[PDB]
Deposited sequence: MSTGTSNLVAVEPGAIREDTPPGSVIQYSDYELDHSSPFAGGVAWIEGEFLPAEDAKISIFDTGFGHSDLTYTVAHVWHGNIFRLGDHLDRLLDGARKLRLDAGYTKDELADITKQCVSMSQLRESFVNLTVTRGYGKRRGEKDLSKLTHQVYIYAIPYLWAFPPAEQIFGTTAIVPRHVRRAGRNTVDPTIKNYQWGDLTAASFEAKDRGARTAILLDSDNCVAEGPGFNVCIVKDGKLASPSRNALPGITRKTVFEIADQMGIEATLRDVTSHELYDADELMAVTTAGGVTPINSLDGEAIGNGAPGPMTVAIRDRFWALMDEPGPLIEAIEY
């Protein structure tokens, strides 16, 4: 059909079932639908709008040339996670693209948190996008929408399945650069359709030298002999990946950003996907072969459970939204 295994990025429900007793639980509340904003807020051209109405000029160069960068932060239990790190990454990427947001980091942070508050969402998927714009003025778009899962909560707890594409590789840093977060998903979409065709949930892509690159919307972490590794070259420098490495260091696990060869990927003791929209996902099998026992690995479970706990512990990583 015309539908990939990738989650559609648009406003969706406010809550979704999660495994009972699991580390993942939504907040208990309601939206006051007296506000037109409740459920999703978009900030386009300095004006807030109900997400249902959020529109951009068809002539924005961010559309016709995909000339932009973006970042996504999540809100969990009313707390925004690592917003400052996301703003730093977004602004650094815009600089590399010679894009000027026209707003300082603090102005962006205030605008973003305001979007969440007006949305009334305690769990949210928050996107900041900076584009080349149109007649020339660069454009900043921000939206806070209900939470989105790259992998459903059930797969976060019980694991997902992956293949390595036979026909696709991840674009290299000298072509469409994966190290700047971008909307150019041609390879990622093709890999997802190949995974769907083969009966797997997703794909882990290789780069041109057959090193692990990343997946469609996530970094990949590889566990071997009690050590954790993740690709250093053709992969986004993910914030979830950064969090996972901090969690591991605190657990006394050695975590290294390095080239991971295709041999190492297939020989892994554990595999996991890491991304802001849903966190740490175990990958139970690769190309239909069990990784470990074919169920979530022990280090993955430990790190994933610690990751959700971070969302509730006061500290530098989290800030409470004011509703």
Walk along the deposited sequence from position 1 and note every stretch that has no C-alpha coordinates.
1 to 2, 138 to 147
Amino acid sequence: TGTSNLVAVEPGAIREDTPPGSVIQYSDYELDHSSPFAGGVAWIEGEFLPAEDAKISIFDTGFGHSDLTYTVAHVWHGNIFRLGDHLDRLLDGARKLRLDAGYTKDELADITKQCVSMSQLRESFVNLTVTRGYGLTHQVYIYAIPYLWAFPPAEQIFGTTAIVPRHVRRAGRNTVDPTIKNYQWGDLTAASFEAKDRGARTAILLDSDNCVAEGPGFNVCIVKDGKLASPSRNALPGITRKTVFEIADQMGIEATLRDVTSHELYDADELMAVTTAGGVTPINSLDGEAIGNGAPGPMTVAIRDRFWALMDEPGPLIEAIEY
From here on, numbers count along this sequence of modelled residues.
Would you determine, from the values in the PDB entry, which of 145 to 153 and 109 to 117 has the greater average C-alpha temperature factor?
109 to 117
Which is higher on mean Cα B factor in this entry, 234 to 242 or 202 to 210?
234 to 242
Just grab whichever of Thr69, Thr256, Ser27, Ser285 has the top CA B-factor as deposited.
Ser27
So if I compare the CA B-factors in the entry for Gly279, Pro36, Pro296, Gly64, which one is the largest?
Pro36
Within this chain, which third does the Cα B-factor at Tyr266 fall in: lowest, middle or highest?
lowest
Grab the CA temperature factor for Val274 from the record and place it in the lowest, middle or highest third of its chain.
lowest
By its CA B factor, does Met251 count among the lowest, middle or highest third of the modelled residues in the chain?
highest
Compare the C-alpha B factor of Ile58 with those of the other modelled residues in its chain, then answer lowest, middle or highest third.
middle
Third of chain Cα B-factors occupied by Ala101:
highest
